[PDB]
Protein chains: 4
Amino acid sequence: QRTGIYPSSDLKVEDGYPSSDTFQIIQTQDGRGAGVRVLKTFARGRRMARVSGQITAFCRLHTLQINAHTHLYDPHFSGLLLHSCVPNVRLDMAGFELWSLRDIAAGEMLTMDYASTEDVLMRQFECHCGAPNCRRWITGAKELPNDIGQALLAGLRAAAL
Amino acid sequence: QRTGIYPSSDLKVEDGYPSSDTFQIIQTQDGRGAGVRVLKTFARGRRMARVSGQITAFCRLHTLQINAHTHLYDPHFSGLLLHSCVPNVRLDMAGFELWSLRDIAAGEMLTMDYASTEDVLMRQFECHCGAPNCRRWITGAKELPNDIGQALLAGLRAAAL
Amino acid sequence: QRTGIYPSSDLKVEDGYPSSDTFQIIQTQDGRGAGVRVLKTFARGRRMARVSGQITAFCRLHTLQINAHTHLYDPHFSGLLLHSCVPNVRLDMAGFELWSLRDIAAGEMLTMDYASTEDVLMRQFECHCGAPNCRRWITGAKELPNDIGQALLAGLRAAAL
Amino acid sequence: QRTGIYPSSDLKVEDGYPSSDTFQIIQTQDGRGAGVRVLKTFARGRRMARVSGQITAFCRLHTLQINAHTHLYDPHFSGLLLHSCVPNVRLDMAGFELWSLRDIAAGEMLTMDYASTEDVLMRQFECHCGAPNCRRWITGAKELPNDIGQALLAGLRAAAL
Ligand SMILES: C[S@@+](CC[C@H](N)C(=O)[O-])C[C@H]1O[C@@H](n2cnc3c(N)ncnc32)[C@H](O)[C@@H]1O
Ligand SMILES: C[S@@+](CC[C@H](N)C(=O)[O-])C[C@H]1O[C@@H](n2cnc3c(N)ncnc32)[C@H](O)[C@@H]1O
Ligand SMILES: C[S@@+](CC[C@H](N)C(=O)[O-])C[C@H]1O[C@@H](n2cnc3c(N)ncnc32)[C@H](O)[C@@H]1O
Ligand SMILES: C[S@@+](CC[C@H](N)C(=O)[O-])C[C@H]1O[C@@H](n2cnc3c(N)ncnc32)[C@H](O)[C@@H]1O
Ligand SMILES: C[S+](C)CC[C@H](N)C(=O)O
Ligand SMILES: C[S+](C)CC[C@H](N)C(=O)O
Ligand SMILES: C[S+](C)CC[C@H](N)C(=O)O
Ligand SMILES: C[S+](C)CC[C@H](N)C(=O)O
């Protein structure tokens, strides 16, 4: 009865896979590209969706890291989750489920800490999450800012005097 | 240049994904249904293929178990690997790779121990692997033979006197 | 030459295990109990320590979650990491390593998001991390605030008008 | 009431950890060194023990592999499990449990396929398991026989004519 974000028929909304009546991909207007938006309210501590995708050996812009050498290619859903330094969802890559870390109001962008699942990103980027504590430049957890990132961080540091 | 077993274009034979010039699905003639056959010779201790599929929460006839609550739906390749009590390949479900446990000659069926990756099967079955040490009735590692399996095993045990 | 936090001789500082010349357990003075303090400066994106402990099946106050059914009992080091809603370290429970999520100055408390590795805590607690965005009441990622937590969160919500 | 193989008090026999009234380490008399022996009968498909040990980054003679980069140091129990090419137990390294793959009679040596959990061994060895289908020379699943192993395997192959 409910229509799923994932195109595969075997992934059913009645089993927890995301529905287009609950999640929507939209183009942000603040330089973050496209991202997942929630259309209903979620209390903190609830499973918002089961997650799926295709196994691949290679890190890509729309993969998530499963373990040391294996990634999950999901350009329909979890790969379109935007980053925030203060995230409102956790993507559990062992149970393959998305959970609310806080109360999320309908219409809010869904955000994970990319460094919470990823050793290294496909690309580093300057962060537009707006949080009071923005790392400003976003990497994997096991990844040093590259020389562009170090230069931008230094200009911000001088400004901090 | 080489054509892949997996229909997805993103899975390339040049990156280790199986090619139809190396693997073939055939119908066995001894009651094992269809299964994967190798068309080239492989020395023991080599990676024969990278493995892929679709993440799902549910055990199915053509899934393999990833971890406690997550399975890999692969009806094109790894889900068509037949069982043997003396296996010639290992399916590594952390690196998602198939490795030869022994020298395999071209034309041989590829066989894993289903109990080496699976807690519980979608279905139990009487084993036709022919090995001198056949469990005769095949389950997951964490799965008791059901009452059919116990009855067949008992008739075999009486015969053993 | 360097003395290790972990009592076991097989865990050597020269292999990355924490040294008492780099980490110290101290009693906080703001209601967080004891916690790990760093004694040297760490740039973001560096491995600060290898982690170890004892495998156990049971969640405890000083365990960390490895996977769905397995935890790591470590009362010497990683179990004494305090929580923060804006963490400065990530505890990678697959590689068993601690990594700096930001620049950390010598003397700073080390903090992880408990919800980033834990489904459920041994106990919930009101948070004293001070971050502008404190969840105020801390649970596992897959754990609803209990009735004490809901009552405290509601009093805070009324105050927010 | 029951005394545990693991020296730690926190690992209780009442929670499934092995008891010396069920398991015993003995010196084999056929060139396999010491190994774990079972003292009670176990039907196939039962959990014989919970497993534990110390996390370490390094492969050792008495470690078992957890994931790509992490091993479990257990010289009291699971590291003393001998190898067999036709194993009677599976060591589940995700749930950290030992399960019977077949009916095991009291007094039998417990045997796993080392290649079922290990990419690479600390050392390769000629196999004395006696199975009709012995690989004769034992490696990790992702490990080629070294030049000693290749030489011994070739002498056996000539004998096979
Ligand atoms: C695979 S994407 C997620 C979807 C992507 N925005 C898209 O439009 O297809 C990851 C990329 O999104 C952008 N992005 C995500 N979070 C961001 C943030 N907080 N600030 C700026 N850019 C962000 C970055 O360009 C990053 O490399
Ligand atoms: C998903 S299948 C593998 C592919 C399957 N044969 C097919 O034809 O689609 C697993 C099933 O194959 C059959 N099978 C596999 N190995 C077998 C064996 N050694 N002896 C008998 N049947 C076997 C069993 O019916 C088992 O439930
Ligand atoms: C196992 S402990 C870490 C070490 C512990 N403080 C100790 O003193 O042994 C986890 C507990 O520390 C306390 N704690 C950790 N982070 C905290 C925080 N940010 N605010 C308040 N209490 C915290 C809580 O009581 C929580 O249950
Ligand atoms: C860590 S051990 C297990 C305990 C060891 N036997 C001990 O005595 O401490 C692994 C080693 O045991 C021996 N071993 C285990 N299984 C064997 C087998 N089936 N045949 C010959 N040697 C074996 C090998 O020397 C191998 O390197
Ligand atoms: C949520 S996915 C966009 C994050 C990881 C991805 N491999 C990236 O590089 O951004
Ligand atoms: C190699 S797959 C056929 C084995 C596991 C599968 N879920 C089954 O039930 O047979
Ligand atoms: C960093 S450990 C203190 C967090 C998880 C632990 N099991 C707890 O309950 O707090
Ligand atoms: C059961 S443990 C003895 C097997 C793996 C170990 N690291 C070895 O090298 O034999």
Side-chain angles (χ1 to χ4, degrees), chain A residues 25-28 30-36 60-64 74-75 78-85 87 109 111-114 121-131 134-138, chain C residues 25-28 30-36 60-64 74-75 78-85 87 109 111-114 121-131 134-138, chain D residues 33 35-36 58-65 71-75 77-83 91 110-125 138-140 143:
Chain A
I25 316 299
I26 56 64
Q27 274 293 146
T28 49
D30 50 2
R32 291 174 298 162
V36 172
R60 306 170 71 179
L61 181 67
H62 297 315
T63 63
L64 285 108
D74 175 13
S78 69
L80 309 179
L81 292 168
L82 301 172
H83 166 79
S84 163
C85 302
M109 287 339 276
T111 62
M112 44 195 297
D113 185 357
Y114 285 6
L121 301 178
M122 245 291 309
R123 72 205 194 179
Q124 318 184 3
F125 57 90
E126 102 174 285
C127 188
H128 300 309
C129 80
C134 184
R135 306 184 191 123
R136 305 307 290 278
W137 191 265
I138 306 305
Chain C
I25 316 299
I26 56 64
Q27 274 293 146
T28 49
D30 50 2
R32 291 174 298 162
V36 172
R60 306 170 71 179
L61 181 67
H62 297 315
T63 63
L64 285 108
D74 175 13
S78 69
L80 309 179
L81 292 168
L82 301 172
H83 166 79
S84 163
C85 302
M109 287 339 276
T111 62
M112 44 195 297
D113 185 357
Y114 285 6
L121 301 178
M122 245 291 309
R123 72 205 194 179
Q124 318 184 3
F125 57 90
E126 102 174 285
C127 188
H128 300 309
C129 80
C134 184
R135 306 184 191 123
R136 305 307 290 278
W137 191 265
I138 306 305
Chain D
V36 172
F58 303 106
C59 187
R60 306 170 71 179
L61 181 67
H62 297 315
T63 63
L64 285 108
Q65 186 165 14
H71 310 261
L72 178 72
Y73 185 56
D74 175 13
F77 190 55
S78 69
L80 309 179
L81 292 168
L82 301 172
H83 166 79
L91 177 55
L110 300 187
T111 62
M112 44 195 297
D113 185 357
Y114 285 6
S116 71
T117 61
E118 311 299 300
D119 298 344
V120 185
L121 301 178
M122 245 291 309
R123 72 205 194 179
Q124 318 184 3
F125 57 90
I138 306 305
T139 57
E143 181 177 19

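Convention: sequence-line order gives letters A, B, ...; per-chain numbering from 1. Quick note: numbers below take in every heavy atom, side chains included, and nothing from hydrogens, waters or symmetry partners. Read the numbers this way: they start at 1 and go in the same order the structure lists the ligands and their atoms.
- In terms of protein heavy-atom proximity, atom 25 (O) of ligand 3 is closest to C:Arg123 NH2, 2.8 Å.
- If you number the atoms of ligand 1 from 1 as listed, the ones under 4.0 Å from a heavy atom of A:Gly33 come out as 6 (N), 8 (O).
- In terms of protein heavy-atom proximity, atom 19 (N) of ligand 3 is nearest to C:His83 O, 2.7 Å.
- Using a 4.0 Å cut-off between heavy atoms, D:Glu118 contacts ligand 8 through its side chain alone, with no backbone atom that close.
- Each of the atoms 4 (C), 5 (C), 6 (N), 7 (C), 8 (O) of ligand 1 lies under 4.0 Å from some heavy atom of A:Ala34.
- Set against the non-hydrogen atoms of A:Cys127, the atoms of ligand 1 under 4.0 Å away are 19 (N), 20 (N).
- Neither the backbone nor the side chain of D:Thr117 comes within contact range of ligand 8; no heavy atom lies under 4.0 Å.
- Ranked by closest heavy atom to atom 13 (C) of ligand 3, the top entry among C:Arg32, C:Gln27, C:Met122, C:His128 is C:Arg32.
- The closest approach between D:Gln65 and ligand 8 stays at or above 4.0 Å for every heavy atom of the residue.
- Residue A:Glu126 touches ligand 1 through its backbone alone, judged by heavy-atom distances below 4.0 Å.
- With a 4.0 Å heavy-atom cut-off, ligand 8 is reached by the side chain of D:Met112 but not by its N, CA, C or O.
- The protein heavy atom nearest to atom 15 (C) of ligand 3 is C:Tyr114 OH, 3.4 Å.
- We find the CG-SG distance between C:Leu82 and C:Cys129 to be 10.5 Å, quoted to the nearest 0.5 Å.
- On a distance-only criterion, D:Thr63 and ligand 8 share at least one N/O pair closer than 3.5 Å.
- Contact analysis leaves D:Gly140 out of contact with ligand 8, as no non-hydrogen atom separation drops below 4.0 angstrom.
- Atom numbering of ligand 1 starts at 1 in the shown order; those under 4.0 Å from a heavy atom of A:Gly79 are 1 (C), 2 (S), 3 (C), 4 (C).
- Heavy-atom contacts of A:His62 reach the following atoms of ligand 1: 1 (C), 4 (C), 9 (O) (cutoff under 4.0 Å).
- Residue D:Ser78 has no nitrogen or oxygen atom sitting less than 3.5 Å from a nitrogen or oxygen atom of ligand 8, judged on distance alone.
- At under 3.5 Å, not a single nitrogen or oxygen of D:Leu81, backbone or side chain, sits near a nitrogen or oxygen of ligand 8.
- The closest approach between any non-hydrogen atom of D:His71 and ligand 8 is not below 4.0 Å.
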